[PDB]
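Enquirer: Questions regarding the structure given below will be posed in turn.
There are 4 protein chains.
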Amino acid sequence: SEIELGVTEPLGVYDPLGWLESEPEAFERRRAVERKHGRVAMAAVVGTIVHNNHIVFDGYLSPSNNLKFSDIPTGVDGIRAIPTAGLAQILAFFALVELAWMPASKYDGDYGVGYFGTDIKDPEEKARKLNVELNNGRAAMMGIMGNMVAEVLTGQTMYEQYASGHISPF
Amino acid sequence: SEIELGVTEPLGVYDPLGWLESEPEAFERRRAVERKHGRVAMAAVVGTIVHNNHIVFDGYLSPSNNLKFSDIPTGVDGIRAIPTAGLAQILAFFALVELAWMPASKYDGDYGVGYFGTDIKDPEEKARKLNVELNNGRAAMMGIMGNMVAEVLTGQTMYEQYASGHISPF
Amino acid sequence: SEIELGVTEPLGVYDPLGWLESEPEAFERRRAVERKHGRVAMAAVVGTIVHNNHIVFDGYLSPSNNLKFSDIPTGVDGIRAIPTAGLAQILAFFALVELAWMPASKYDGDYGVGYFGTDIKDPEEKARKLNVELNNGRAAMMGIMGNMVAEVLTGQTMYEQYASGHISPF
Amino acid sequence: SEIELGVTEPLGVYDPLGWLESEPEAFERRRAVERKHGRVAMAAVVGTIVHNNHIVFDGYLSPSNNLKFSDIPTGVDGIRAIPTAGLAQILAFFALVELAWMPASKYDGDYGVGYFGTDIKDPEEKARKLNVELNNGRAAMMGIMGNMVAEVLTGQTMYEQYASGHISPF
Ligand code: KC2
Ligand code: KC2
Ligand code: KC2
Ligand code: KC2
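Residue numbers (the authors' numbering), protein chains in the order written: chain 4, 31 to 200; chain 1, 31 to 200; chain 2, 31 to 200; chain 3, 31 to 200.
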């Protein structure tokens, strides 16, 4: 029932380059990659929205570096501002996650957590929720790409872009 | 089972002008219209209650127009105070909704979201919840009409009417 | 299955005066009365706890009477401090409730709202929850009686009794 | 199905001492003890985390002793700081719990409250949740032991240890 997921109006089965029938055996991992990217991009978009609203922690991210949370830029440079030891800690934690707790090798993406802890018994409701996850992931992928591109070209974070009234490109 | 919905005590099947039997084929769309109006009026009544409590966003609705959120009147003139571009954006978003996401042409009103996400498996509980939705929509329709009429006849918003002790018409 | 409800450890079927077998036909209304009193007393105990923590509304209960919410005593005189028109409004609203929406004549006490909106499908879980409701109602009945009696005897509300260290009767 | 609980990756059935087959009849109470310790240690770890974030009640724990809540140390001396009468009250309340409401003699640890009030109908989901409870209890046991040992050896509470940058032992 996985090959039926992600087929939603108005496009239906949208395979413009025709890879569903050309490479039928690769669809499992391609959908795994699509779902992984969708989840990551949804988290990233929520993160950007939180950042540019200046919802930051109170205190120091790295007291040894004298680096407060509010000192971290809200744009694409935020991850670069983090100290190298902090990036190492993030990488170690997500190595543990991605290799043990929710392995990326599990292509169905089903790690037992369900939707808010509970399995969706109704097949129609479960299919609709899975389609919602896929479509929101696709929208978030396009959105995070657009956010990063706009920040890189305009030169301003989303907060700075909105606060200066620079919404119109022309 | 749709024709049994909305039949509740103390009125039961209340058709004073006798259109259930006179026009049996029009009931589907008439109930669709009733449910749509009920949902819209419930949202409108909650909106009026929020407005007259002065629960407003902090900032500017339209910085180019120098129009803060608190500058928008809490009465029937609130929607008129919004800039034309903002009204255009609201209209475009709801055109997308009403034509694609939750089409108004779907007369059963079932867009797959269920009641707080989950389908109601028990037929009795589902019928009770649907009757609750219909009755609350009817009450909200009457309430929003009464609120608008009282504001237009007294010249005061609900907050101004209550704060001045003008809740007695005589 | 109603006659099995309220039978819980350590007392089991506790009928010290032997009215379950003496008047088997009166048990339905007696359990209705017990459940009604339990619900009312649970609400009353929560109300007293809220009052004596000075969690009060901000504003005037009756601006014509120049009576603020904080002016209402938190003890047994609180309901007496309310203006007569306010008591009339409360009585009218609860007449509507108790006669139409959740009639007191419905001895099973099942008004369709369920436990947090949902019916409890598991008979064991449902029986346990009903026993919990009954036992908490009994405890709240005893508690509200004790609170009122202690306030009347000591001359102080619960807040005044606790704040003065007058908890020990001797 | 209890003997299958707690068997999780990567260790599977981890019995280095070989007591599962040496003493098959003692496993019921040993798992009861393990689950009890897991729950107690999870509560203790949450408590330590709350303490060292200085999330304390506002007021006096014991006005007669002139002992505010903020005066109670956040480390291992917190339970020693509270007055003897308060310790007696805590002990009495938990005697009532552990002997009547959720008896420790019930080795299955099933007191009818379920997981957030509801029984888990799906056997796979229920087994996963029980394994989660056991593994989190084991992790919390190790964590609370480590927290207490680190505090007793460094001489500082967790807040004092973190605030001084004394996290690195060398
Ligand atoms: C991925 C999630 C994550 C987890 C689960 C996690 C857990 C723990 C634990 C418990 C096991 C401890 C004890 C601990 C301790 C410290 N952390 Mg964490 N930490 C995470 C992320 C980051 C990031 C992003 C940064 C960071 C930092 C520090 C500093 C530096 C203070 C200073 O330098 O004095 C110290 C002492 C910053 C950094 O090291 O900067 C040099 C920084 O940027 N940490 N950290
Ligand atoms: C229906 C819901 C809705 C959505 C989903 C939505 C999304 C976005 C997005 C993201 C796609 C952007 C980037 C964006 C941007 C701006 N909006 Mg929205 N907007 C919505 C509603 C309104 C309303 C009601 C108003 C309004 C306004 C502005 C202004 C004006 C600022 C200024 O003039 O400098 C700017 C820049 C106000 C207005 O245009 O007044 C002339 C105003 O009244 N918007 N808006
Ligand atoms: C039972 C729940 C309940 C409901 C559902 C409810 C609904 C409404 C509605 C909407 C239909 C209106 C329009 C309305 C209006 C007023 N109420 Mg309510 N009211 C309830 C309870 C009380 C209580 C307890 C009191 C009270 C009061 C007033 C005053 C007095 C202001 C003043 O005197 O200027 C006015 C104008 C106080 C009182 O009348 O004191 C003389 C007072 O004590 N109300 N009330
Ligand atoms: C285990 C949970 C628990 C419960 C369910 C519970 C219920 C009640 C009830 C309702 C039945 C009353 C009426 C009551 C009253 C007092 N309690 Mg509780 N109390 C609990 C725990 C503690 C702790 C830990 C302490 C404490 C205290 C006091 C004091 C002291 C004030 C003073 O000295 O002036 C008074 C009057 C402190 C203490 O006695 O210190 C000498 C203190 O440390 N209590 N307590």
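Even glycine gets a Cβ: it sits at the ideal position worked out from N, Cα and C.
Provide the residue span of the beta strand (DSSP E) that contains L91 (chain 4), from first to last.
Expert: Element bounds for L91 (chain 4): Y90 to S92.
Enquirer: Could you have a look at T148 (chain 1) and say whether DSSP puts it in helix, strand or coil?
Expert: In this structure, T148 (chain 1) counts as strand in the three-state DSSP scheme.
Enquirer: Along the chain, where does the alpha helix (DSSP H) containing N166 (chain 1) start, and where does it finish?
Expert: It spans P153 to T184 - the alpha helix (DSSP H) in which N166 (chain 1) sits, taken as one unbroken run.
Enquirer: Under DSSP, the alpha helix (DSSP H) around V76 (chain 4) begins and ends at which residues?
Expert: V76 (chain 4) -> alpha helix (DSSP H) spans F57 to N82.
Enquirer: Closer than 8 Å, CB to CB, is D152 (chain 3) near chain 4 or not?
Expert: Chain 4 contact via Cβ: present.
Enquirer: Closer than 8 Å, Cβ to Cβ, to anything on chain 3: give me those residues from the stretch 54-78 of chain 2, in chain order.
Expert: Listed in sequence order: no entries.
Enquirer: Once DSSP output is grouped into helix, strand and coil, what is the label at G42 (chain 2)?
Expert: If DSSP states are grouped into helix, strand and coil, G42 (chain 2) belongs with the strands.
Enquirer: With C-beta atoms as the reference, is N165 (chain 2) less than 8 Å away from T38 (chain 2)?
Expert: A contact, by the Cβ cut-off of 8 Å.
Enquirer: Taking only the alpha-carbon atoms, compute the straight-line gap between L50 (chain 4) and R65 (chain 1) and give it to the nearest angstrom.
Expert: Those two C-alpha atoms are separated by around 42 Å.
Enquirer: For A122 (chain 2), report the span of its alpha helix (DSSP H) as first-last.
Expert: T114 to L126 is the extent of the alpha helix (DSSP H) around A122 (chain 2).
Enquirer: At a threshold of 7 Å, does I120 (chain 4) count as lining ligand 1 (C-beta to nearest heavy atom)?
Expert: Flag set: Cβ of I120 (chain 4) near ligand 1.
Enquirer: Please find out if some non-hydrogen atom of ligand 1 comes closer than 7 Å to the beta-carbon of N95 (chain 4).
Expert: The answer is yes for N95 (chain 4).
Enquirer: So which of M188 (chain 3), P153 (chain 3) and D149 (chain 3) has the shortest CA-CA distance to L35 (chain 3)?
Expert: Considering only alpha carbons, the answer is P153 (chain 3).
Enquirer: Please compile the residues from chain 1 whose C-beta is within a distance smaller than 9 Å of the C-beta of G195 (chain 4).
Expert: What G195 (chain 4) touches in chain 1: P93 and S94.
Enquirer: Return the residue from the list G144 (chain 2), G142 (chain 2), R158 (chain 2) and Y141 (chain 2) that minimises the CA-CA distance to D149 (chain 3).
Expert: Comparing Cα positions, the closest option is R158 (chain 2).
Enquirer: Between the stretch 158-177 of chain 3 and chain 4, which residues of the former have CB atoms less than 7 Å from a CB of the latter, in chain order?
Expert: For the stretch 158-177 of chain 3, which is checked against every Cβ of chain 4, the residues closer than 7 Å are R158.
Enquirer: Does ligand 3 have a heavy atom nearer than 7 Å to the CB of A115 (chain 2)?
Expert: Yes, the beta carbon of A115 (chain 2) sits closer than 7 Å to at least one heavy atom of ligand 3.
Enquirer: Would you say the beta carbon of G77 (chain 3) comes nearer than 7 Å to a heavy atom of ligand 6?
Expert: Among the ligands present in this structure, namely ligand 1, ligand 2, ligand 3 and ligand 4, ligand 6 is not found.
Enquirer: Answer yes or no: do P93 (chain 2) and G147 (chain 1) have a C-beta to C-beta separation smaller than 8 Å?
Expert: No. Outside cutoff.
Enquirer: Any Cβ of chain 2 within less than 8 Å of the Cβ of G185 (chain 3)?
Expert: By this cut-off, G185 (chain 3) is not an interface position.
Enquirer: Would you identify the three-state DSSP class for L97 (chain 4), choosing helix, strand or coil?
Expert: Of the three classes helix, strand and coil, the one that applies to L97 (chain 4) here is strand, per DSSP.
Enquirer: Check whether the stretch 186-193 of chain 3 touches the stretch 90-106 of chain 3, counting contact only when three or more Cβ pairs, one atom from each stretch, lie closer than 8 Å.
Expert: Contact between the stretch 186-193 of chain 3 and the stretch 90-106 of chain 3 is present, because at least three Cβ pairs lie under 8 Å.
Enquirer: Classify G108 (chain 1) as helix, strand or coil using the three-state DSSP reduction.
Expert: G108 (chain 1): helix per DSSP, three-state reduction.
Enquirer: Could you check if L129 (chain 1) belongs to the surroundings of ligand 4, using beta carbon to heavy atom distance under 7 Å?
Expert: No, Cβ of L129 (chain 1) sits at least 7 Å from all heavy atoms of ligand 4.
Enquirer: Following a CB-centred definition, is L126 (chain 2) positioned closer than 7 Å to any heavy atom of ligand 1?
Expert: Result no, Cβ not under 7 Å from ligand 1.
Enquirer: Would you mind sorting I174 (chain 4) into buried or exposed? The rule is 16 or more other CB atoms within 10 Å of its CB.
Expert: Buried: at least 16 other Cβ atoms inside 10 Å.
Enquirer: According to the neighbour-count rule (16 or more other Cβ atoms, all chains shown, within 10 Å of its Cβ), is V75 (chain 1) buried or exposed?
Expert: Burial call: buried.
Enquirer: Give the interface partners of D149 (chain 1) over in chain 4, defined as CB-CB distance under 9 Å, in chain order.
Expert: Residues of chain 4 passing the Cβ test: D152, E154 and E155.
Enquirer: Among residues of its own chain, excluding the 5 on either side of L117 (chain 2), which ones have a beta-carbon nearer than 8 Å to its beta-carbon?
Expert: Within the same chain, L117 (chain 2) has close Cβ partners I109.
Enquirer: If you measure between the beta carbons of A62 (chain 2) and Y145 (chain 2), is that distance less than 8 Å?
Expert: Not closer than 8 Å, so no.
Enquirer: For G42 (chain 3) and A170 (chain 3), which I take to be in contact (beta-carbon distance under 8 Å), what is that distance rounded to the nearest angstrom?
Expert: The pair is not a contact, with the Cβ atoms about 21 Å apart (cut-off 8 Å).
Enquirer: Is there at least one Cβ from chain 4 nearer than 8 Å to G139 (chain 1)'s Cβ?
Expert: No, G139 (chain 1) does not count as interfacial toward chain 4.
Enquirer: May I have the straight-line CA-CA distance separating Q119 (chain 3) from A125 (chain 3), to the nearest angstrom?
Expert: About 10 Å.
Enquirer: Can you pull the chain 2 neighbours of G89 (chain 3), defined as C-beta to C-beta under 7 Å?
Expert: Correct list: empty, because the minimum Cβ distance to chain 2 is about 10 Å.
Enquirer: I believe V86 (chain 3) touches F99 (chain 3) by the beta-carbon criterion, under 8 Å. Please report the beta-carbon distance rounded to the nearest angstrom.
Expert: Indeed they touch by this definition, with Cβ atoms about 5 Å apart.
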